[PDB]
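Next come structure tokens for two forms of one protein chain, structure 1 first, structure 2 second.
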Structure 1
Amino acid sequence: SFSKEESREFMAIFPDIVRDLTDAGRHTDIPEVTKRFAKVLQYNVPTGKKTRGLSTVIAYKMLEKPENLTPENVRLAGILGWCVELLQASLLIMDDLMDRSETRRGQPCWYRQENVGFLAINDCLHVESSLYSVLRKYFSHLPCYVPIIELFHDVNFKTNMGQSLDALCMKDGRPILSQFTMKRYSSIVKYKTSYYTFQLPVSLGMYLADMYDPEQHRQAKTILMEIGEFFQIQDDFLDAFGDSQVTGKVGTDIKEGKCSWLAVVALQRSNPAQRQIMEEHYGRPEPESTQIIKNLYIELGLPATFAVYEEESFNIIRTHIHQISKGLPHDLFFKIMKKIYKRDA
């Protein structure tokens, strides 16, 4: 699980996905566009950690009867994982535009690159639409096809709802601090991250294994929602405190006024002088105001607060995994937690 050989097998599929989308004898009257789209895919799709794609394949191998794990079915799981990566890739291109970000995966964000700009918006829709072309090619004759397309449709819709709720942090260029509660936070991360990052890979593995029991999906969802919140809290910590040479990305939550876990906990922990600092300097374009907030986060001990939370939450999520039933493999959820716990990117 998350091994050297699994990574190889997974990356080996990527050149076939590019060929399927750009060199399959289709659209031969517009080679300018298909050759460019091959570059959009090369740049934007395969340079992340690939945890979602690799989790799709691990979930399938842990759910399917061993007797059924052929080179072809394990390749189908890897193709589904790449369709999750195409969805991720599409969401990041949009997200970086919305967040006015500088870098992604160690490079300038796509929209910033020479002669891209507002062509990144279309490129995000194009990458999203491409995953359904991949699904059609490989899954259209299998019983899992309709369930899988419906799941991608539903997760997309839910992710959009979360992205909106996330964006509604600011009104008239000031953040709505009095509404930055843990209740709000948990709602945002459920929709903007947990469905597509955790629920979607495991549900896809289930469907490819012909597991359709609604209660089995519900029990997986309950735990994966808890994992997703934990994973987004880690992301938020990285925005302010991560090493951008390691994470690949420069943080923007403070400048953008976001209802991040750090903002919520800062408001919980602040004395009245510190609350006035949030009121005056949170969600401002000026570099000096963002550093004032970072310095408040340092003085509050948010790094240590996060570290204590992460350890406590890891243990609570594992306790919950142990309570799972409906015939689900505990080690699948244990492996997912081991991969992300104490991550620095």
Structure 2
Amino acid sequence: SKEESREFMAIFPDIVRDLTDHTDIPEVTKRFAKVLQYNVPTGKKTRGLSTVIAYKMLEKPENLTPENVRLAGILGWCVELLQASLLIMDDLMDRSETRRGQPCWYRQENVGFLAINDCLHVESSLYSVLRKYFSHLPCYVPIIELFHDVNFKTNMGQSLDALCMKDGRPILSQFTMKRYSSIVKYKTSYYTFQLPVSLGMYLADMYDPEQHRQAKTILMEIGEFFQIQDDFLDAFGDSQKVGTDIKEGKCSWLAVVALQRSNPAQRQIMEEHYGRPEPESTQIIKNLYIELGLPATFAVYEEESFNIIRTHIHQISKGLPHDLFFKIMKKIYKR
């Protein structure tokens, strides 16, 4: 929606002023404004806007004042602040060149390993936003605790992902569906799906831990498909982002399923060519994925997962609106 997107984007400049406008150190506050302006407001803002929409479908229609919708928007920007911090750090860790076409922050002149500090700074900053706007509301402490908990869980996700690599070479014996599912849950699903919905619920004064647990069950399932679809399109999606999962030696759903279905000779091709810099090595792995019928396998998974998740949504108890979870399903599966 034009009105929702514009109202949301209009909040960002206020959050920069809140965090940067410490009058004795103007040179660092000016630099932090640039850190925020480069890394936080560019691209889709899907997680941020999903927080606003989640709130709009959870709150009683009589309580949906512009004031409250703005508070939802500020929570959305706190999600985008958390993500910005995570992606600054991940880019340094993965030594990536670009993110969404933009050169990675750490590559910019006179940053490098100072990106570590900028990561921590950006993550810490969202708690200052929460204090200014929410310190007087009952949802304050639950929201602070949710952000700190999700940060901790995301770090477990990132560390689990790193235990699939040694000396910058993939450990293919680690590429199991159980480890993949755990990586997606902790590294992606909590901050991408649980965080926006739980923020919406808290702002709507929904504190029942069972309601949050029932939301989690369905959101972790949708989250798994989301990342599996993302992994699939990296290799088989119409380029005209250019996919580099194979070169980077990522524990992707494609690599996991490839190893499940491979005969010994096919396993040897993964051992020899997976996570190598040569473009020839990327094409050999892609050719193996085609040979193992991974496009057909994804097509079956997409149809089956959709049906299973839709069934689980129909069985949701409590005051949780099924509407919200069907709406999330629609945007992800695009149907």
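Just so we're on the same page, residue numbers count up from 1 along structure 1's sequence. Definition used throughout: the rigid core is the maximal C-alpha set that superposes within 1.5 Å between two forms.
| task | Would you tell me if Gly78 moves between structure 1 and structure 2 by 2 Å or more at its C-alpha, with the rigid core held superposed? | result | After core superposition, the C-alpha of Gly78 moves less than 2 Å between structure 1 and structure 2.
| query | After superposition on the rigid core, does the Cα atom of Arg136 shift by at least 2 Å between structure 1 and structure 2? | reply | No, shifts by less than 2 Å.
| query | After a core superposition, would you say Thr197 shifts its C-alpha by at least 2 Å between structure 1 and structure 2? | reply | No; that C-alpha moves by less than 2 Å between structure 1 and structure 2.
| Core-aligned, what's the Cα displacement of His217 between structure 1 and structure 2 in Å? | Comparing between structure 1 and structure 2 after core fitting, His217 shifts 0.8 Å at its C-alpha.
| query | Once both forms share the same rigid core frame, by what distance in Å has the CA of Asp239 shifted between structure 1 and structure 2? | reply | For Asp239, the alpha-carbon shift amounts to 4.1 Å.
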